[PDB]
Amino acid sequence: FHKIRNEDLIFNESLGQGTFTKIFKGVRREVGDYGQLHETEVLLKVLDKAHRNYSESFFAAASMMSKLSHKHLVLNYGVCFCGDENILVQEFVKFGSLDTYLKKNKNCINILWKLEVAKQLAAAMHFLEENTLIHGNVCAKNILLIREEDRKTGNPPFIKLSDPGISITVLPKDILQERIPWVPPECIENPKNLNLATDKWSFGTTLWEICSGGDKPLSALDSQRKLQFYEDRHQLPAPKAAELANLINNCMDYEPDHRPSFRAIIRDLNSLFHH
């Protein structure tokens, strides 16, 4: 990662906490193309140095994925370690998290918009699959909306997938349980079961969120009931927009070896019309 001077970062707004992170909107002063001085809007993800294992996992993850440039993967500009903390400097995505976006717009988007976003996410995941890179933190909050749909020009919404964060192989078991049903059953059983199949399961859960207006699946269940949900091998209810219900269930297969490849997922979508 490109090292960014601490004096070149300004923190403007707090955006709350993530998973052992503090997140801010800020500005980076930089020399850009043609030597132009810019003040670029940035997302700053702050990790405490004292949480050494978490920080190492987080930055290893961000670093590996950032070696893989793709139009649907978020851009990281660099890192700043020369402070009291370790900071990831990321592009600021104008329309924020997809789940929030769907809530704020009262789910007034049509099925074709949802399908377009699903196809974009699937394209990102196929690229990661071909690169044998496990993300491990796919969910609608981690889908960032770059651009809204434009009816006049016919341009679809455009998304990027966030950095992976701290690996579920290092996070505390209680956090994994809270993350049912994004974390698949085999990882609740042993986090070492993390695999490319993991992201197929989480993709299914993410599609459920997209089709449910940014609702969270199993929100009414505490962690003990979420464990019972997997014990009894339940599936999620068909979402409000039921068009993707079959694909959701096929991806959320309790047998990880039976989850379809992302190429197969993409074909199914097209046919509708660190660790």
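When you see a residue number, it is the position in the sequence shown, counting from 1.
Coordinates are lacking for 4 to 9 deposited residues between residue 273 and residue 274. Judged by mean Cα B factor in the deposited record, 182-190 ranks above the other of 182-190 and 155-163. Mean CA temperature factor is higher for 77-85 when stretches 77-85 and 96-104 are set side by side in the entry. Of all the options 91, 150, 129, 116, the entry's greatest CA B-factor is assigned to 150.
Highest CA B-factor among 66, 212, 53, 246, as stated in the entry: 53.
Sorting the modelled residues of the chain by their CA temperature factor places residue 44 in the lowest third. Ranked by Cα temperature factor within the chain, residue 236 sits in the middle third according to the deposited record.
Among all modelled residues in this chain, the alpha-carbon of residue 206 has a temperature factor (C-alpha) in the lowest third.
In this PDB entry, residue 175 carries a Cα temperature factor that places it within the highest third of its chain's modelled residues. Sort the modelled residues of the chain by CA B factor and residue 225 lands in the highest third.
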